[PDB]
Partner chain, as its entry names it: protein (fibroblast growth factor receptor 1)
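Listed next as structure tokens is one chain, alone, in the form deposited without the partner chain.
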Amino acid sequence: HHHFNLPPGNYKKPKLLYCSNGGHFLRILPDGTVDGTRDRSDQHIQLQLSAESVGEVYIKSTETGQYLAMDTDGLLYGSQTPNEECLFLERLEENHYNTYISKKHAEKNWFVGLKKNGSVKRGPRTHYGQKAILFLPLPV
């Protein structure tokens, strides 16, 4: 369903997922809530990515051990255990950024995305060409 242009990074270290849309870092709160924060000091923005298959990743909270996931209704949530909803297709975009597509809902083009106000976008509201879907992985 999608291209195979991969980003040049690795999973050796944890990262911050910076969204240029509103300038927020992806955050997974202890209660499972998912959103964005501009506070670089936040303890819930440190994420550990790992590869399942080439270009297939898990995005986990280093702080809580929770996995980023997208539900049946396109909502992002923090999962205690890895499941099919936790896999994302990590790709290069605009020859620079990182995008994350819901593997489970790949055919629907549901991406991980942050609005300018720091709220997460619902899968069906996302789409190729948006700024909300563009992330820059930063060192922690």
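Numbering follows the first chain given and starts at 1.
There is another form of this protein, the form deposited with the partner chain bound, and it is not shown here; the text below is about that form.
Contact annotation for residue 80: none of its heavy atoms lies within 4.5 Å of the partner chain in the deposited bound form. Contact between residue 52 and the partner chain in the deposited bound form is found at the 4.5 Å heavy atom cutoff. Taking the partner from elsewhere, residue 98 is found to have a heavy atom lying within 4.5 Å of the partner chain in the deposited bound form. Residue contact with the partner chain in the deposited bound form: residue 68 places no heavy atom within 4.5 Å of it. Contacts between 18-47 and the partner chain, taken as any heavy atom within 4.5 Å in the deposited bound form, involve 18, 20, 22, 23, 25, 38, 40.
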